[PDB]
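Participant: Next up is a structure, given as structure tokens.
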Amino acid sequence: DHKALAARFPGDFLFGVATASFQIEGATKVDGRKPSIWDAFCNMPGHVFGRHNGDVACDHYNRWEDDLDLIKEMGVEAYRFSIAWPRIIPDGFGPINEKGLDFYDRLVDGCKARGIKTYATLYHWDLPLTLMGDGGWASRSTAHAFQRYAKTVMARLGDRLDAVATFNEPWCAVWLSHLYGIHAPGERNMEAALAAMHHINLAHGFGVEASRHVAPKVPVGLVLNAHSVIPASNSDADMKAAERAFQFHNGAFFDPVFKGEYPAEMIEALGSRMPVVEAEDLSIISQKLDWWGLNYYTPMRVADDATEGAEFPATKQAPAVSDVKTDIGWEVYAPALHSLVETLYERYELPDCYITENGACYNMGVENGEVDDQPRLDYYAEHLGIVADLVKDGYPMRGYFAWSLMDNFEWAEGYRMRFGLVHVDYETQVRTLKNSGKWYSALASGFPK
Amino acid sequence: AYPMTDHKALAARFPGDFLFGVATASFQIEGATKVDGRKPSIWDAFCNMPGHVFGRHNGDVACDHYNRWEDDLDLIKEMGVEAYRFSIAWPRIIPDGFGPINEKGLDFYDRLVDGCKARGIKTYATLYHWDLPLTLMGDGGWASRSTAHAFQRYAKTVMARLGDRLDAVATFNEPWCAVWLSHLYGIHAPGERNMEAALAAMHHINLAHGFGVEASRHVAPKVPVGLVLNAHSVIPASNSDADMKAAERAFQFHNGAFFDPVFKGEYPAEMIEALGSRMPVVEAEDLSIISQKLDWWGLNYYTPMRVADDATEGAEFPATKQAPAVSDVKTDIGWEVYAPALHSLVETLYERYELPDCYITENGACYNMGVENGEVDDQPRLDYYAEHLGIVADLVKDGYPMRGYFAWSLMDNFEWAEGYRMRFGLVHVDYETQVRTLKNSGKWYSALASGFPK
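Quick mapping for you: the protein sequence lines, in order, are chains A and B.
Per full-length UniProt numbering, numbering of the first sequence is gapless, rising by one per residue and ending at 459.
Per full-length UniProt numbering, numbering of the second sequence is gapless, rising by one per residue and ending at 459.
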């Protein structure tokens, strides 16, 4: 019931839809764009389902205007999107591609004209392939390449952008990419991952300073998939495990940014294998942010792992409690969102919070010109209920972005896992608003009240 | 009869027109990785990502050959060595792999080749010695058929500029390493561990070879064209039917994957029965392009590949396991020293395939002694050479068409995943000062080589 739900939100609550450059743009060799690490990852057998790539995607490069009109037609106030570094500074370092900047300049103008608020992400995983030559995120120079990139983007767009986030999900860009081998560039090495960790925290810091020098009026933030870690049992071992898991999976990012230090027990275990931390790094990393973005889908259930030699945090996956499952296999368990936010604000001194991603994978398509995705609607109703509870509890929840305006390239899953509020037929590129989308549109349309 | 040095007796065993040389590769020696238009290679990436290369050693400086190439040629000349085997850096010539030609890159090798000419040094150029331009990884690298066409255009470009002067050209060095070691075993760049990726690399490298032969002959029909393979000397633990069959599967996978398409115009049957379903598309003219006639071929040999049948259920083709060394004699990199395996390998290859003239394009030993009283006392390296060159002389006597020999390493250099720690040179390089010091093995090789041509 979208009307009773709406009553629970503040009149100025910000409702948005979210998207990412490589996931929707296509046009991967157009107008000066050079390859990203995800172009490489996709095209090498073994990394991405069906060897699907980003060559066409949702063809958003060519269709961005229709897509903006759709957002306006849905009555959603805000659009969260990412900027492709491979379009802006195609080799990572090197000459600026003014035609790359022109694309986003035009996009942002289109949003201004339509009253659509802009929440731009500078880095949503599409590192220019050339920078891998230096070591990619394992090299400190890559943080400096980002520093110059951030400045370049904000100099052009900073007069109009409503908000900017430096990074989306360091957890993925760091551990999932350099320790687990699941995301580009597909490494499985603790030294590599620890270097990526510190250099992405540092690049974030560089990005905050750069954006504020060239565009001091734009609210700066950082988007994190903080994990709602829940121990398998109430045993002491599982409790301590949950904490180690929290320090490694969340603390590696939250503690430097919000406390100016790394988690102590993690440094004991892993500190000797870290890159150099120069005198000024932690103070740069921990500059005050104007907001922060939480991406949430599912809890991280953990159990202690007693296996000899097991690297910190020494945990293993614990089974789901709920029996509800999205088509990508993720447990649906809404109250974990509540305990997570509760935990974070207790543990850290945080600015205003926007839910920058929330959504569900369900793969139903078009029948009778419609898409019946009731389980996605239910997912949204339930988690938005939680967000409303957090508002009532007094937490500074200022907005919410649904992950996925439309079905798109879902990283290692390719195009098989659909997250969209809008259905895309990849053969025809036809957009079809789903029932979840119609529902979300009705909710969002009445804001601001 | 009166006492004679070992090198003098050995020299008498070689024909008067025998070709002696020394060998290098571009990324291993050049340095200057970011100057004059060069863009990164997959090895720059591999080196700089922790975990892949010892000490995270990279090619940024190496032997500084890009700036010292003339000194290095004067060294060859002084050593009395007739031929120089070197590689050309694709990242210097066509820096994005595809795309615009970098004239400054071509100029470097143009000048190098003129320097060799001026000194009377024969040039044996390798077009691809593993330094694929990083940008090509974007389309899938060797897993993408397009890369074979990128190589084709690079080969054509190089040969159109240098073909009037080169004495010989090889398309590829060691497909085995660029394919399996790089895409299945994850040890060389780009560091993949995937049969599908590896099989694609296998065919596309074979295809690229053929494209290169055609391209070279199209624009430089006078240059003898070959291919350099580290063909493995496969030795079963026993002559039990099971081990003899394992040795056959090993041969097909480790050698046949390259020799059969190039020299028979087909892939080995039992390998296809096992791996065919995961191979990329083989188009109509493919095997015909791959199997063009070569003017020579290069054998890289260091150590045998001893194998036994692996009975473990589900074991992927060729389903072998390591068999014990017959000797405890090992180089500092850990490889068994067993010179007779070179005879049995050459005997095997010449009876199984119709081959052109053979040049040993790599042979050498890792021994890590440095400078003491201004000399390098590397007798085990000298011993390794005397023994293996003895085998090469045996092969000449046994009627095999061995035309020449290139000692692997003119000097110490970047040894891939081993970094600078593993030294193969006839000449020592102090990486702090860049000073070159001819080792005792180098003096011995110079003495042998200087007498040729007789």
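For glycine and all other residues, C-beta sits at the position ideal for the given N, C-alpha and C.
#1: Note down, in chain order, every chain B residue with its Cβ under 7 Å from the Cβ of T162 (chain A).
#2: Using a beta-carbon distance cut-off of less than 8 Å, what residues from the stretch 135 to 147 of chain B approach chain A?
#3: For the structure I just gave you, are there three or more beta carbon pairs, one from the stretch 73 to 83 of chain B and one from the stretch 11 to 22 of chain B, closer than 8 Å?
#4: Strictly below 9 Å CB to CB, what residues from chain B border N53 (chain A)?
#5: Following the continuous alpha helix (DSSP H) through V118 (chain B), name the residue where it begins and the one where it ends.
#6: Look at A94 (chain A) and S187 (chain A) and say whether their C-beta atoms are less than 7 Å apart.
#7: If you follow the alpha helix (DSSP H) that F216 (chain A) is part of, which residue opens it and which one closes it?
#8: Can you give, in chain order, each stretch of the alpha helix (DSSP H) that sits fully within the stretch 132 to 194 of chain B and has at least 4 residues?
#9: Output yes if chain A places a C-beta closer than 7 Å to the C-beta of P96 (chain B); else output no.
#10: Span of the beta strand (DSSP E) holding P241 (chain A)?
#11: If the cut is a Cβ gap below 8 Å, which residues of chain B does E197 (chain A) touch?
#12: Under a CB-based cut-off of 7 Å, is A220 (chain A) close to chain B?
#13: Would you list, in sequence order, the uninterrupted beta strand (DSSP E) runs of no fewer than 3 residues that lie entirely inside the stretch 14 to 78 of chain A?
#14: How about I106 (chain A) and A67 (chain A): do their beta carbons lie closer than 7 Å?
#15: Using a Cβ cut-off of 7 Å, which residues of the stretch 180 to 211 of chain A contact any Cβ in chain B, in chain order?
#16: Quick one, are the C-beta atoms of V224 (chain A) and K122 (chain A) less than 7 Å apart?
#17: Determine the burial state of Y7 (chain B): buried for a count of at least 16 other Cβ atoms within 10 Å of its Cβ, exposed for fewer.
#18: Taking the alpha-carbon positions, what's the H62 (chain A) to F177 (chain A) distance?
#19: Quick check on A148 (chain B): buried or exposed, where buried means 16 or more other Cβ atoms within 10 Å of its Cβ?
#20: Looking at the unbroken alpha helix (DSSP H) that takes in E278 (chain A), where does it start and where does it end?
#21: For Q327 (chain B), does the count of other Cβ atoms within 10 angstroms reach 16, so buried, or fall short, so exposed?
#22: Along the stretch 357 to 391 of chain B, what residues have a CB closer than 9 Å to any CB found in chain A?
#23: Mind checking the stretch 31 to 54 of chain B against chain A and listing, in chain order, the residues whose C-beta falls within less than 8 Å of any C-beta there?
#24: Do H348 (chain A) and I295 (chain A) have their beta-carbon atoms positioned less than 7 Å apart in this structure?
#25: Which one or two residues does DSSP pair with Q327 (chain A) in a beta bridge?
#26: Where does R357 (chain A) sit, in a helix, a strand or coil, going by DSSP?
#27: Whole angstroms is fine: what's the gap from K227 (chain B)'s alpha carbon to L167 (chain B)'s?
#28: For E179 (chain B) and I47 (chain B), what's the separation of their Cα atoms in angstroms?
#29: By Cβ distance below 6 Å, which residues in the same chain neighbour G36 (chain B) in space, the five residues on each side in sequence not counted?
#30: Kindly confirm or deny that the stretch 376 to 386 of chain A and the stretch 282 to 292 of chain A touch, where touching means at least three C-beta pairs closer than 8 Å.
#31: Could you tell me whether the stretch 135 to 153 of chain B touches the stretch 48 to 55 of chain A, where touching means 3 or more Cβ pairs closer than 8 Å?
#32: Could you tell me how far apart the beta carbons of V267 (chain A) and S221 (chain A) are, in whole angstroms, since I believe they sit closer than 8 Å?
#33: Can you grab the Cα-Cα spacing for the pair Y129 (chain A) / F25 (chain A), in whole Å?
#34: What did DSSP end up calling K82 (chain B) once you bin it into helix, strand or coil?
Facilitator: To lay it out plainly:
#1: Ordered by position in chain B, no residue passes the 7 Å Cβ test against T162 (chain A), which lies about 21 Å from the chain.
#2: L139, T140, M142, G143, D144, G145 and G146
#3: no
#4: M142, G143, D144, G145, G146, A148 and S149
#5: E108 to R124
#6: no
#7: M200 to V224
#8: 151 to 167
#9: no
#10: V239 to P241
#11: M54 and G56
#12: no
#13: 24 to 28
#14: no
#15: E197, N199, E201, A202 and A205
#16: no
#17: exposed
#18: 24 Å
#19: buried
#20: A274 to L280
#21: exposed
#22: none
#23: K44, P45, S46, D49, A50, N53 and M54
#24: no
#25: A:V312
#26: helix
#27: 12 Å
#28: 16 Å
#29: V66, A67, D69 and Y71
#30: no
#31: yes
#32: With 8 Å as the limit, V267 (chain A) and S221 (chain A) do not qualify as a contact, their Cβ atoms being about 15 Å apart.
#33: 11 Å
#34: helix
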